[PDB]
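Here is the structure we will look at.
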Amino acid sequence: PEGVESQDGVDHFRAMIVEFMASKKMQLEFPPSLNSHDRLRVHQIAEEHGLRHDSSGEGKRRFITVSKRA
Ligand SMILES: Nc1nc2c(ncn2[C@H]2C[C@H](O)[C@@H](COP(=O)(O)O)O2)c(=O)[nH]1
């Protein structure tokens, strides 16, 4: 009995992360098009899944990177 039960059904960013987890991508660089909510979504999901999540840059250069190494 292990996994995620609190499913969002189908989530854009959660779909991006689940692909990322099984992909060659050691780090998933998201576009600056993500707003606070979009990032919050990613931070939440990555935190629950167990991956490293951080936003780098500034604001006009602010992007979020998810890493498989956590
Ligand atoms: N759960 C969680 N949320 C985070 C973390 N860091 C930032 N957030 C949230 C706070 C903000 O509402 C949202 C996006 O804002 P930003 O900190 O600019 O990425 O992400 C974190 O480490 N864990």
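Points to keep in mind about this one:
- Taken together, the residues in the stretch 21-42 that are touching a helix residue (DSSP H, G or I) at 6+ places or on another chain (Cβ under 9 Å) and away from the ligand (no atom under 14 Å from the Cβ) amount to 4.
- Some residue of the stretch 3-11 being crowded, with 16+ Cβ neighbours inside 10 Å and of a type in the set (A, V, I, L, M): no
- Scan of the stretch 24-40 for residues that are free of Cβ contacts under 8 Å to residues at least 24 places away in the same chain and more than 20 Å from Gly50 (Cα to Cα), ordered by number: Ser33, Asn35, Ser36
- On inspection, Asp54 qualifies as acidic (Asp, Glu) and part of a strand (DSSP E or B).
- Meets criteria (loosely packed, with under 12 Cβ neighbours inside 10 Å and in contact with a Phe, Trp or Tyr (Cβ under 6 Å, 6 or more places away or on another chain)) for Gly57: yes
- Every residue from the stretch 28-50 that is under 15 Å from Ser6 (Cβ atoms) and charged (D, E, K, R): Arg41, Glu47, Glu48
Since every read-out is calculated from the coordinates, none of them should be taken as a lab result. So basically every Cβ, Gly included, is an ideal-geometry build from the backbone, and we count neighbours across all protein chains shown.
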